[PDB]
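Take a look at this one chain, the form deposited without ligand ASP, written out in structure tokens.
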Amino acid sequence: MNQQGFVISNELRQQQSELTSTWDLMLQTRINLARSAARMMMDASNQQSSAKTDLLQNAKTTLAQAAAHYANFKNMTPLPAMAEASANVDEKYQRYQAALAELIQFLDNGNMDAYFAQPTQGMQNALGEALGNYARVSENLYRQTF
């Protein structure tokens, strides 16, 4: 009973903390890719490999890091109050995660057109918005416990 008002608080914290993390790494994959293709563009400098080293490799890491963070969120089932806001973020993460994953395939094999053809911004926009919605319900899921 009463003392159970501590396991709900901690969960809201961890579930949310997990989202801030994931989001970060995602936008932390987007720039590595960006910084990756940039140099992949018509230029020289690091004449090593052939479209796959440091920067490209770091995005493969960041996205994997975000995903592990996310898998936790996906695991520990939410609450009947975080229900909707949850499936929504999952729904948007699904798309934006797939998106970056593919961006990684392209840069990987040299698919510059494809890499630059993908409508990523909006994929990111949707999740960001869906993240704001969830953050709104989450932070609010306490403004009635006094």
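The first residue of the sequence shown is number 1, and the count goes up from there.
Only in words, not in the display: the form solved in complex with ligand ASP, which the text now covers.
Among heavy atoms of residue 30, some come within 4.5 Å of ligand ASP in the deposited bound form. Of the heavy atoms in residue 118, some are within 4.5 Å of ligand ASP in the deposited bound form. When contacts are judged by a 4.5 Å heavy atom cut-off, residue 35 counts as touching ligand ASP in the deposited bound form. Ligand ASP is not shown here, but in the deposited bound form it comes within 4.5 Å of a heavy atom of residue 39. This chain lacks the partner; the member of 56, 103, 85, 66 within 4.5 angstroms of ligand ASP in the deposited bound form by a non-hydrogen atom is 103. Note on the interface: of 108 to 116, 58 to 66, 73 to 81, 87 to 95, the segment with non-hydrogen atoms within 4.5 angstroms of ligand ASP in the deposited bound form is 108 to 116.
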